[PDB]
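Here we start with a single chain on its own, the form deposited in one PDB entry, put down as C-alpha cells.
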C-alpha cells in the first residue's frame, strides 16, 4: 500500500533513494523538523507524497539527541567505548521521545501501510508502535556499523535494545559483518532459531535479516562532475590529493594528517609537486569529543605546514567549512587522488561518489580504508589500514605515480560494481523484501 518513512530528519544523499521508493508509490515522510521550541503537526503535500514535521523541547533534544544518540550510540557503534557518556536520565529521554513519536504518528497511519524506519535514533520504535497495537510490516535499516558483542554488551542498556529490535519484521544492514554481529549479540542473550537462512526467532518473536549495501546515483554524479576555475589553469604542475567528510572522530582525520606527514617525510621527490586538500565541516560541535578532534586538526595543520612548507608551496589545505555537493563532484573530477581512510564507517558514499565522478578516460586513484563498509565492494581501490601511517604513505606514493593503464583498469572494475548496485537497486531490494513479509 502506502509507504511510511520515519527518520530523524526529513528533506522537504539518502534523500534520492527514500524519495525514489516513496514515489513509486506514495505516502508519508514523517520526521523531526530539526528545530526546537514547543504545537500541532505540520504537513506539506505534493502529489502522492506528504511531509510531516514537529518540534522538540530543549530538554528532550538534549537527553535523546545530544546525549543518548550522539554521546552513547554513535561512539559505541564506532567501537569507541572510551568515548561513551552513559547517564540514566539520557536513556530515559531516548525512550521518552521514541514513545512520543509513536503517539504523534498514530493518527496518521492506515491499516495496510508499510513502515520503513531509519537509523540508530529510532532503535526502540518498532516496540513503541506494536505496544500501541500496530501490526503492519515494519522494516529497519541501520546506516552505521553494528558492533561485536564484546563492544555492544558494554552498553548498560544493551539487553533492552536487543529485545526491542526484535519487534521489527525486517532488519537491514550495510554489510554481512554487521548482520552477523547483531545475530552474535542476540545469541549471547537468548536462544535464536534460524528456521532457514536469514529468517529468525527469539523470545517467540519472528523477524528476517538482510544485507542492503547503500549506493549512489551514477548518472547524476557524472552530469554535475562534467559541468562548467582559474585555479585549475594555475595547477597543471601540482597533483591534488583530496578528502571530504564531516569533522567526526570515526573519520580518522588526525591519523590522515600523520600519514600525509609520512608521505612528505619519506618521499622528498614530491616536495613542491603535490597538494593535499581536506574539507571537514563542523558536525555535532557541542559534544566534547568533537571539539577535541577539531582543535587537534587546527594544531596539526599549523604544524605540518610550518615544517614542510616553502615560500611558494603550502603542502596542506585544511578547510573547516561546508561545500555544496555539486561543486565537490567537480573537485573529485580534477583530483588525481581520492583519500578516504575512516577508522570505522557504515558505508562512506564519498568513496563511491569519487569513483563515479572520474573522467573514465583519465581517472584519479582511490585510496580506501579496510574499515569503511565500501571496502567490501570496491576491491580495486588501494586498500589500507589507517593504523599503519607508512602503509598509507606508501599507497599515496603508489597512487601518485600510477600509469594510466592501471588507473583505467582499477577505475572501470569499481565503476562496474557501483553501477550494478545503484541507490535505486538498493531501495527497490529493501521495499520488495519488506512486501513479501506476512503481517501479524
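Positions refer to the first chain, counted from 1. Note that the rigid core is defined as the largest set of C-alphas that superpose within 1.5 Å between two forms.
What comes next is about the form deposited in another entry, which is not displayed.
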Item to check | Conformational change between this form and the one not shown, one of 372, 378, 392, 28, C-alpha moving 2 Å or more after core fit | outcome: 28
Checklist entry - After the core is matched up, is the C-alpha of residue 18 off by 2 Å or more between this form and the one not shown? => result yes
Item to check | Threshold 2 Å Cα movement between this form and the one not shown at residue 49, rigid core reference | outcome: yes
